[PDB]
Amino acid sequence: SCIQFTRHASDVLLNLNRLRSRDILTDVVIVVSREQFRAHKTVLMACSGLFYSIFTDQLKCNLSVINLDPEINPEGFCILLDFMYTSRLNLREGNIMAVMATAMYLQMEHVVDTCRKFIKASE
């Protein structure tokens, strides 16, 4: 018999992004080819199968620095980190291959699906 507030989830995510932009309560640095990205472990886990696996590990859950595979492109990661905190994906002809490869590595199934579809349309 609950009532539901339609905009609640979007409002929560908007506030989580405001905390990220002001570097409030960020608890991890993600290192991608020397580029560094500060974030909230919980948001990373909520969006990515890879971060979910990492931060549920009894040893890795305590790390303040996570280094990604050297093949990962920093721009592709930045676009995906922006998507995690906003639901918006900056998908362009020039970045789609790097975004899809990063989303496959991060295990972000819905992003991989839209990249596959946009690539299929161009062929």
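Numbers follow the displayed sequence, beginning with 1.
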Going by the mean C-alpha B-factor recorded in the entry, which is higher: 37-45 or 91-99?
91-99
When mean C-alpha B-factors in the record are compared for 6-14 and 19-27, the larger belongs to 19-27
I'd like to know which of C61, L50, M84, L68 has the highest C-alpha temperature factor in the PDB entry.
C61
Position of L106 among the chain's modelled residues by C-alpha B-factor, lowest, middle or highest third
lowest
